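Asker: take a look and give me a structure for this.
(one chain, ligands or ions: 2)
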Amino acid sequence: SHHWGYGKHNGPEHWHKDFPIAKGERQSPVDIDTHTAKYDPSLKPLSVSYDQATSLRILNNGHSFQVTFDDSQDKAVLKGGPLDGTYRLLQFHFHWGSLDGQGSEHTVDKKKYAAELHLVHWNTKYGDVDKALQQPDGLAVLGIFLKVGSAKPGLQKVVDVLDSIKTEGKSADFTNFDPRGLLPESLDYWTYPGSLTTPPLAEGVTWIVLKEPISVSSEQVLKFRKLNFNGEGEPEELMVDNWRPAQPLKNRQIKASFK
Ligand SMILES: CCOC(=O)c1cnc2c(NC(=S)NCc3ccc(S(N)(=O)=O)cc3)cnn2c1C
Ligand SMILES: [Zn+2]
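Answerer: Residues are numbered from 1 along each chain as shown. Ligands and ions are numbered 1, 2, ... in the order given. See below for the structure:
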């Protein structure tokens, strides 16, 4: 267990004491005001190249569940859009709510989605993720909203393994998972400079938030809500509402890839 969390005594309003950058100039997430975001005709097309992805493990880390990838070579990469050079996929994880009307970190005209998927990539010009974490352009997170409706077939393999990683520190083999199955049709996006949304809240992320949500079923998101923050044997505290709220935009502009 880590000291920080999402509760009354350790949640987002407390994080600044250990992580003073929590009150910084480029924190995430933010509200995306669709009427103030501006179309940027100079944004290059986004390239999501996930066909050679090598998934390794699925892990309950006490704040989310993550799927980890082999990032030792250019396998699954993000390029183009606002990005200079090549960003390698390291992991994905989710944020979700106790109810379908909350759970996302980003908001769209103050609308909260049921959940948000973060695909976390690092800039290969810095050689490893730890070095990338120290740079203002070290990371790129592709954010995808989840709404409750039809099931997402490409998520079901994830849902079906969550019973094996109920508590903090549990992991399982999770090879041959294809993250292409988590993507919506459209790659239309908003982009802005921001931060990690969990400690250490490092201000090194280029955010790329897709406009089109994916639909997941009520049964799929209910399985997320059966996970536990606690380790095996501690009082049961459901892993729900593991989202940081919108932070001040301050001196930033959100750009749109689309009209
Ligand atoms: C040299 C190879 O390094 C590693 O093996 C390594 C290092 N770190 C990780 C992570 N965790 C990461 S990168 N955490 C930082 C973070 C990111 C993204 C957001 S968000 N919520 O999207 O803003 C928050 C926080 C997950 N595997 N892994 C691995 C496998
Ligand atoms: Zn995240």
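Asker: partner residues bridging residue 193?
Answerer: Going by DSSP bridges, residue 193 is paired in beta bridges with residue 206.
Asker: in contact with it, which residues?
Answerer: 26, 136, 203, 205-207, 252 (CB atoms under 8 Å, 6 or more residues apart in numbering). (C-beta placed from N, C-alpha, C; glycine too.)
Asker: could you give the number of residues near the residue in the stretch 151-259 of the chain that ligand 2 sits nearest to?
Answerer: Nearest residue of the stretch 151-259 of the chain to ligand 2: residue 197, at 4.9 Å (CB to the ion). If you count neighbours by other CB atoms under 10 Å, residue 197 ends up with 24.
Asker: where is the longest helix in this structure?
Answerer: The longest helix of the chain (DSSP state H) is helix 218-224.
Asker: what sits up against the following helix or strand past that helix?
Answerer: Using DSSP states H and E, the helix or strand that follows helix 218-224 in sequence is strand 255-256. For strand 255-256, contacts defined as CB under 8 Å, 6+ apart pick out 34, 37-40, 43, 82, 188-192.
Asker: pairing partners for strand 255-256, with directions?
Answerer: Strand pairing for strand 255-256, determined by DSSP bridges: strand 38-39 (parallel), strand 189-194 (antiparallel).
Asker: could you check how far it is from the centre of its chain?
Answerer: Relative to its parent chain, strand 255-256 has a centroid offset of 19 Å by CA atoms, centre = their mean, to the nearest Å.
Asker: could you do stretch 127-140 as well?
Answerer: Relative to its chain's centre, stretch 127-140 lies at 16 Å (CA atoms, centre = their mean).
Asker: ok, residue 135 to ligand 2 distance?
Answerer: Note on residue 135: its distance to ligand 2, by CB to the ion, to the nearest Å, is 19 Å.
Asker: report the contact partners of that residue.
Answerer: Here residue 135 is in contact with 123, 126, 204 (CB under 8 Å, 6+ apart).
Asker: flag every residue of the stretch 151-259 of the chain that's near ligand 2.
Answerer: residue 197 (CB under 5 Å from the ion).
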